[PDB]
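Single-structure report; data block below.
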Amino acid sequence: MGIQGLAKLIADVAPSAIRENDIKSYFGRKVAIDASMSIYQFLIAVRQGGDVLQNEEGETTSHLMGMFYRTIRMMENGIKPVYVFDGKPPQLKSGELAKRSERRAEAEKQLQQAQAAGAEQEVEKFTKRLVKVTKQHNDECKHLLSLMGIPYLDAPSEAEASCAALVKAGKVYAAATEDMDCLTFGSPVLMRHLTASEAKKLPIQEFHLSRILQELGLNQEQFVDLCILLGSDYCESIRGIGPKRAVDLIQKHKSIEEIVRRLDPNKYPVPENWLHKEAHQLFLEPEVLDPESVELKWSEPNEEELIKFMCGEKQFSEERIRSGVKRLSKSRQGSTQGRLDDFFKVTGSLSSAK
Amino acid sequence: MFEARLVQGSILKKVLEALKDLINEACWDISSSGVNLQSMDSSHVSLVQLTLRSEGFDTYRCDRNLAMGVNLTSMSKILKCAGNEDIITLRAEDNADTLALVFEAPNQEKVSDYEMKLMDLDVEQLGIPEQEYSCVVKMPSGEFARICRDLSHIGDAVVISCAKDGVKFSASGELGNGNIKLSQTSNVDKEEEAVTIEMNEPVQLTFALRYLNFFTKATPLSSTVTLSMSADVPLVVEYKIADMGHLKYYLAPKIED
Amino acid sequence: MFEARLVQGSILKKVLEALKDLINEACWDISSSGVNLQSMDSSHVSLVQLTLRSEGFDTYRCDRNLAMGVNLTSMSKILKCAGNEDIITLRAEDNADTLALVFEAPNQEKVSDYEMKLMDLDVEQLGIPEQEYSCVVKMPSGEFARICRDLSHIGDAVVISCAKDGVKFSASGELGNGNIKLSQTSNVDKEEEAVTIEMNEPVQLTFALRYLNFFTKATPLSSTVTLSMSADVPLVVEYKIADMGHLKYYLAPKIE
Amino acid sequence: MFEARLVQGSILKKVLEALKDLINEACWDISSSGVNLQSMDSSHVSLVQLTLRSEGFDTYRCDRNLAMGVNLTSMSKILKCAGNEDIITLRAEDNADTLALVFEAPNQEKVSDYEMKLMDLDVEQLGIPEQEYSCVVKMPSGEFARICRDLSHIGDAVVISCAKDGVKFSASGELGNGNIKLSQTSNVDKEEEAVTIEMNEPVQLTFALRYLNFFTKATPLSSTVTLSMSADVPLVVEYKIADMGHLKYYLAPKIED
Amino acid sequence: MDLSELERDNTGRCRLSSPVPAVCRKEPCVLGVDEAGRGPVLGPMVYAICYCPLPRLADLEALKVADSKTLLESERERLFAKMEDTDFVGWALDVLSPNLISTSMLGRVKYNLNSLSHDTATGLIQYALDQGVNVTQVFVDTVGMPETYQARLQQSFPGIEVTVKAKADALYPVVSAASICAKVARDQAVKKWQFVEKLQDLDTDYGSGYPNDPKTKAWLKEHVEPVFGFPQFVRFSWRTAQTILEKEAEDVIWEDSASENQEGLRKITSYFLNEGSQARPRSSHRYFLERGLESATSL
Amino acid sequence: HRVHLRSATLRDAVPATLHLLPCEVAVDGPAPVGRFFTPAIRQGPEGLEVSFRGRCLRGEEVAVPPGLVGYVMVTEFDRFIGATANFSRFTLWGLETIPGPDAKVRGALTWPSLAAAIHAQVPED
Amino acid sequence: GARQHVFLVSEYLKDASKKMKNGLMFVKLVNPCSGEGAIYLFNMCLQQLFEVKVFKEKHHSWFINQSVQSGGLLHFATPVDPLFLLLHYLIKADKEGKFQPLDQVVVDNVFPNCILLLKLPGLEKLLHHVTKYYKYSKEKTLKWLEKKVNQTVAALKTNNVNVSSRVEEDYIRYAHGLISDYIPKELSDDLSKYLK
DNA sequence: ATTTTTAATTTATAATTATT
DNA sequence: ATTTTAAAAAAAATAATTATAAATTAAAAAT
DNA sequence: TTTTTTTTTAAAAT
């Protein structure tokens, strides 16, 4: 699911694309972020003893708190986020949906088996795996992003595809998603492990497609044939193709049709009803939303209805949320630095690499 | 095999004392007409244009267009090994990991050679254009170094305004506004302590101060500095050496919201 | 409204170099008969007196009795902007708590303005007694700062006394008890290195040392300083800066 | 009754400021020809001695011998009080547990009667041979100190070499390599600049940079320096003084298999 | 499983351990020390040594011990009951009472938690050598940068190799084994705690111990007293504790620099508001000055 | 003011034990000190060991000689005044040290030995 | 409740109540050297004046049982020879240079308990060694001090006082100050002559 | 005026439970 | 000798709490 | 009804 080992492939054979930067190096920078898999991050991460963090109304107050404090963590450093929400899943995701429903079913059967067993850490693990995101998490966090004024988008097909759409038009600088296919979707600059904590102090891995297409020596279609050859969530993968031999195979034949024209069918068969062409068309051209159709503005977060909803419906502390929105407002007041690359073109220039 | 000699030795020591606190690694690009170094820092806040023309060299030579990716801090530390009057002589090679820096005595009682590793680099070459600037302010670099060095202690962001009478340096913070009105001194014809402003459009743009302490560290290169400002353009800080070449420093302005 | 422009305010630069390490927040006594300063230090050991008469300025405007609440470390960093030969004007609003320093170039090449924020601090003035002191010593400031650094190198115990063979700035320490001996009266006609002693009663008492190093940050103010020693009183250290103003420092002794 | 008065103890205050970072505790000796030292450092790597001739002292009267147990940081803080022209004097008894020092004035105004406490230490004097050396190098000491400070920041090791044509200061750090030629400038006849290098056999040893930085701290008491080495012997850095004794500084060579 | 030595004496250091097995008396084993008690403002401070033979390191890795930072207390108790049964898994701990660490770090010498941590570590590995447990590898995940820590432990102990790093509970088995032994030992010490002093209307259930816990904060604000502050169970040098001692309890300053910092005395508040204080020798002879005798004034 | 001393409070009082703090406190009056200080006494390797506000307290009883019996006194134009307790044993405490011969209170013990000597009446010749 | 005090007194205080119901009483009279109020205790059953001296030393306090007491106030109720307080009023009464009976010798309005100083037998026995008619003699009082200083030469020999200033011929300098706490500076300044 | 040579500052790791 | 499908599996934040530091921070101090 | 990363022991073929 996703792309298997693409970050492992860049770490192995093409390490010039990785820029291990710190979080403070984007002072005044506009970036699109996948929201729903961060909600998955805050449903598997914000768990106390296996019990999910809830209020007295019985609603999940975990992810609202977690990604509200994520917005505070980005904005207090000086980064304006852009959030996109995955809506309609694409029609090629049927096998991934079948595998997801199968692992849901065996995880819930394991949940009742461990509940009959009486253990507790297995209950913690299976409740970490089982809890999924419906529309309640999505529209509650959409109301939350309306409640601070940082803009939020509804992606028609894929969230990272909408990130690729708003970065190809230059509305944002990057896509900050730990799922790799937005590089294959067309987003130049990926940010990896941006959802790591402030106290974890993990540096942020940057992935530029300029260095990827330079060091791999490929165009967009050859790189996405490489990433389908490692394996996509929509289609299947060929049994018996690795990372490095697929890199050599794209460097040899440059297209999956010529690859299966010059492979061994007696040893390496394709799956039945193999649809790499329409998957290739979908990764080149997904159904995205227009970046120019929406205007970008990061308004002042209104406070009184924020604290009214957040303390009545969700029953939180007054001081923490009030200090958080005060930090958001004074960070918006004092993070007004402008970047120098906006007024120039870009061109690579190497040294005598010997 | 690139070999270069130069008469006034300490100009390289002063400019690499400037580059060391801002640029940690740089690519030394050899051209036909001189040495060029267009670098841009690790946080995308600055840009440095080192035009080191071949007219200022003693015996300049150029086989091909070399580009040495150089970690600049340790080699700046060993360029500091030369004295204030020591003659700087360069030697290089194409297929080599070492750059040779020859340091010799002015009375030639001592001739020394230093080498270092050149860890190879990849630099994004953001091409600077040529454009009209609304407020071209030629103004003393000792005075500019004074103003930025003591506006460091008042806050974080200076706002630079200008008019026909002079130029404004207004830095704010928790400790009030340090608004400095430098008078345009067109009455006196001094070479060093002269403030001349080209009057095209009165611009009001705001800048950084800690980063300005990282730029303004080389007032003994040129005693005067050309400040070129226009509307929402990057800054031009010109450190003109009269025959070595024109050194240019670039800062993006702070945006408003 | 304030209009207080001095010909050379490197005197102001030197007094705020001499105050920014001892006192953080203090009070400037604003009155129509000059500029006075009166504030205890961080632990009620030393009081300040900069009795600066306003005759040195070009003019002097004082509309009402301003209770000035100023912190001196940050506004000393503000005053460090000015040059050694710079022209310095002090300006403050009549009803606002904001002080606006003005710096002006010698050859009229710049006009430099520092608006800076302030808050209303407490004002606690105290009176002053005067007695015929036991030992009044005229002895120059630079060698005084040198020997206070020298006795600070010894330890944390110094004793001051006078006798008929001269003053001794005797310092005791774990390194060893050391003496600094000067003449009773100097025959040197050069006034920057002349030491003379007026004596009424020889007595020995023990002082602190970090406060002495705080006192000797007024070294480039004046060439000579007159120190008057008496018992059961704080010390009087009269840094006389020509005729425009004088600086005084107090130090109650140690208990033995 | 041990006394030592000098008109100008500039050499004394310079070497006693310099040795504060070499030896933490260095017991002196009272000799007939002056003061004597033979002390090892805390890591037992570097050796130093002090020998001052008793000619130029005003009142140097020696009664008997006693091992002066001397803390060198006490010498640093007690000869830090001496100024540009403070006239030093030493005063001690036969079995005084302390040592008094007097610093009078040229105009007889100030007298600094300071006293230091003595700490009792075990005394050992290693046997040091005196012979003829393989290479004797005479060069300015200020030039030696600044180029030692130069080639010490380039790494951690130094290779000493000399010949009849020149003297090689080779040092290969992890950043790079740096080598210094010295030319024989005996045609130029100055006090310190009269470089006279006599040679018998070209020998090569390795030594330590940071302890040489400790050794070069006693520079401006003597503007000249003699260097002297042989095979597998300690290098003798000679800060000889033309009127007041000599300072010979020892360091054992490293081994490289 | 021994805990009664904690019950009979919980003021100084107390030793709770397991006996040396037969195979660990001959084989050069491995060593592991980690932390519990450096965190909270309540409870004791537990360092533990686990020990196991060199071929059994893969068995210890297959015992599922290394994930012992995101656990629950009942699961901690059953895994503790799992590793106490086998003969090759033995634990030895020197628990440090809050009395011991508070009397350590509040003397004349401003003693340090990391310094007392390495002193307890050195005494622990010396007692582990002196018990007949032969070891060669020492794996401690102590707090701080570990290179000078390794140099100090190698200078103290040259015969046994000391290998210390940072965040080593997820990397070495015996480190996380000692961590979970110290954690279950801390929870055993605080969930079955008895005091030294006598009390009335007492509550043993106080909270988890950590200062941001609400039950611990409520207990910490309801058992505060003006004259003594707290019993022996509570640390007396921590910022929440120092905050509520300076708030609720009375002003207690000591003969050393206990937030007073008086050298020379004689403030000018007693020199200008009062014109002349009396210079009478109230200690007229040096006997009363050297023995602190003053004449009586009033009742 | 004249303060009469009641003579009935001398005989009926009860022996107890007293402890001396090596620092000062801001409170005078009632305090549960036998609840905490008394049961935390540990007979360690160097006498009596106890902790108060985290400071280690090493101390011991200082032997008050006979001819010196301690009295504990409560305050109360003539006036009365009235005691509550008597003793002979008091416990010095030093902060993580035994004070010993350097104690100003152990040196104060010998002043009634001086006061039995400085105030002896000289007989006639 | 209120402030609370700790004494250290002999057991001879206990058995002086069988005659008088309230025969002990805590009063303030003149200091024997400075001349101010100090806390004394007087008897007429056993009839000895007791001086109370406090242990007022910095940073000490008392754990009174089930209570607290700050200040470290240890009070030393010790017997005192009354002749110092007698000679203060005799040198006050010698200023007009006349004989004066004891009813109008010890007169003070600040300390109103001067009625207590006239009821002591052996008053003339003490007054014979230092001086009906009563006139103060300085020279006979300076004969009485060698019977007190040299008595304490032997007495502090038993007390084993380290009388050295490096902190017989040294006890004389040390007993110079011991009586000087109980006599004024006009009476002890000439004792350097009288120690020869 | 730089460049030491320090000390006394401002934010840094390693932990814990909860944060609800 | 390597290369690697596949099975499994671990598995994921975050402001608050504190002690303990670590390069940073003006500043003496000497060129 | 809507997300996938990370090693790793692992069997197994170029």
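Every chain in the structure tokens takes a letter, A first, then B, and so on in the order presented; its residues are numbered from 1, and the ligands are numbered from 1 following the presented order.
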
Report task. Quick one: pick out all alpha helix (DSSP H) residues within range 34-184 of chain A from a backbone DSSP run and write them as number ranges by chain. Result -> A: 36-45, 62-75, 94-117, 121-130, 135-148, 159-168, 181-184

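Put simply, CA of residue 292 in chain E is 14.2 Å away from CA of residue 178 in chain G.
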
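The protein and nucleic acid residues lying at most 9 Å from residue 73 in chain G are residues 5, 6, 7, 54, 55, 56, 57, 60, 61, 62, 69, 70, 71 and 75 of chain G, with only C-alpha atoms (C1' of nucleotides) considered and sequence neighbours fewer than 2 positions away removed.
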
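The residue that comes closest to residue 13 in chain J, out of A:239, A:193, A:322, A:354 and on the basis of only C-alpha atoms (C1' of nucleotides), is A:239.
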